[PDB]
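Chemist:
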Amino acid sequence: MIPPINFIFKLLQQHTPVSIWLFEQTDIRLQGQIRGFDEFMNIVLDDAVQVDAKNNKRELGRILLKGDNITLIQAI
RNA sequence: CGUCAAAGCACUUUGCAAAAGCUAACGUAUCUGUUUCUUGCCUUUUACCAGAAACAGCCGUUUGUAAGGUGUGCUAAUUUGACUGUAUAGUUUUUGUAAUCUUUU
Numbered sequence: 009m010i011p012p013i014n015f016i017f018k019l020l021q022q023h024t025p026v027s028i029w030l031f032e033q034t035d036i037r038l039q040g041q042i043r044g045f046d047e048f049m050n051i052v053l054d055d056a057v058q059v060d061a062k063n064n065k066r067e068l069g070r071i072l073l074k075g076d077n078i079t080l081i082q083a084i
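Numbering (the authors' numbering), first residue to last: 9 to 84.
1. Which one or two residues does DSSP pair with residue 41 in a beta bridge?
2. Compute the beta-carbon to beta-carbon distance between residue 31 and residue 77, rounded to the nearest angstrom, for a pair I have assumed lies under 8 Å.
3. Does residue 38 pass the burial test, meaning 16 or more other C-beta atoms within 10 Å, or should it be called exposed?
4. Please state whether DSSP places residue 84 in a helix, a strand or coil.
5. Helix, strand or coil for residue 10 per DSSP?
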């Protein structure tokens, strides 16, 4: 079987593009490649992009998120 | 170990009460006597032989309680009880996703 942090470890090596959803905000989402992370589920995204229901793709740069705000992490 | 409560504390002397509550050594010990019966050895009764049942004494044991004694402390020490006793800002409770607005009855 596949534990959750070992699954995220694969997303670092493969450098796969991953879109991230927020806690109490469906209107907003994010994108980017995963460089690194930690035990508390904080993430360092590279070439991250802010997306909406309108599809308003707005660029950001290399950012960091708090683990308290995530909900879904999905491949491609 | 920690908290709280009570109390002097440890050691000791007497007094006074108790000690099958659901089959169990108040004493991992153990002796004498009385009465009533049964058998022994016997004729003087006592003194005795060795079984029973029913009562008694004696040598001891434990507990609670009361007053004391010695040594120590009453600017402390010790005992005794009681307790829902631990420390976590990063995902399942105590360091917040909250804040704010509007319509309906």
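We put the CB at the ideal spot given by N, CA and C, even for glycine.
Modeler: Based on what the coordinates show:
1. Under the DSSP definition of a beta bridge, residue 41 partners with 25 and 54.
2. 5 Å
3. buried
4. coil
5. coil
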